[PDB]
């Protein structure tokens, strides 16, 4: 059963062919400045295992790694590329990434190792990483004999699976999606992660001290209002204090007990002064724990930078996700938490942060895909879409739109993109189902094309078994035929929402690729730092701001051509906060 391979003590020309499956193993989940525990190469000449200290010190091997004409097939090439960047070695020529290929074929499979991808094609001559390295506290690198065979088997699977995967991608019309979008983007993300974002730790440490003070006061007041001390962070102990000791009314329960969600507490605020304080405590504690302490734990002491990892093969819609830290959910709505962004600064003096965001890209994409005359005209006039929606559903002139009307029209617009549901809208606007239903019916009378799209996309999902995005990303929806109402309904909302959210993801990804190419052409020092779904954040010399003010929006607005214009807003300043 064992697989044959050469456990080489030195590198040979034989292992430097112009096409090969390459494995540069980094076991640590977070690959930044992490160890490369072994290398495996499989090509027309055979299978090889090389110790990293050997291969990575070899002039020939390193040159081969950096030679773009020498093609390599891999799994999660970004992980290897970044781990190599930290060692001052460039990886080029990656023409096929099995992780990205598997992700495009079916993001629902949750493929996270070679074994999982291989199983898609009935190939099982490779073990899952978890079985070899174990998990959690017991996750360790095995002895060389066990390690070497694993890396060789992974490289062998990659070598064998490339053709089958590329063939199915072609049939799905996703070959260009992999080769011209996801793979090139992978290299850009590697550069962004490696560059990192400079953090002002002193500023963070100072904010944390202020929060600590406020939490102290609010915490004491809470015990004062409750007549005793208890763990506020335990819904269990809070529930007894609120719904038992204070006799507050139970407006919602949870599988385990009483509900203490912010939405429920605000409705209880009028009854007791403790509720307001609990809410405030919830706010402060969130910033302190998740952002201040959480951010300070991942900043690198030597450079004062945070190096996030963009998971490119996780979301079911095509969006990127960010971890350690998640720089895609830094506070912005509330001012107190928004100030956390003052902590993100340029990596060099005399440099500034430049941020550009698409204005209502999802609604614009919807206007385009549904070809709704009213909605397309609205964006062609660059109207305030929420005010316009309010005018139509409530049948009033612009002057007649009140702040509450706009707020509700705004909530309807969000529902429409998420896959409208009279139940979900009702809960959100704190109104009845029938009323939420009335709003929805009114919306469809105003936007018949959108109604048509919603009906047709659900039908299509049932017919083909999946829905697609502008650049041909795909999402299978087997639950679309379920006889269970809740399960089937979720699938229907997914059918309505994916072409919208997914197409928006396709566009920003293409914009990143086009932008990176333009910056190089223009010889600008400016570079991408982060992406947050509908916005791109860069940093550059202060002398490049004027050129970026024209270049970035143009590149982003021209990424794709839709039936409606794409609009990009932009700002720049000394910190991320000031890039407003």
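By rigid core we mean the largest C-alpha set that fits within 1.5 Å across both forms. Residue numbers count along the first chain shown, from 1.
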{"property": "Core-fitted comparison in 8 other deposited structures of this protein, 263-271 vs 490-498, farther C-alphas", "result": "263-271"}
{"property": "Greatest C-alpha divergence in 8 other deposited structures of this protein once each structure is fitted on the rigid core, 207-215 or 124-132", "result": "207-215"}
{"property": "445-453 versus 497-505 - greater average Cα B-factor per the deposited record", "result": "445-453"}
{"property": "Segment of higher mean CA temperature factor, 148-156 or 290-298", "result": "290-298"}
{"property": "Maximum C-alpha temperature factor, selected from 97, 113, 173, 399", "result": "399"}
{"property": "Residue, from 524, 57, 530, 552, that the PDB entry assigns the highest Cα B-factor", "result": "57"}
{"property": "CA B-factor placement of residue 22, once the chain's modelled residues are sorted into thirds", "result": "lowest"}
{"property": "Modelled-residue ranking by C-alpha temperature factor, third containing residue 183", "result": "lowest"}
{"property": "Position of residue 438 among the chain's modelled residues by C-alpha B-factor, lowest, middle or highest third", "result": "highest"}
{"property": "Chain-relative CA temperature factor third for residue 539", "result": "lowest"}
{"property": "Record-listed C-alpha B factor of residue 340: chain third", "result": "highest"}
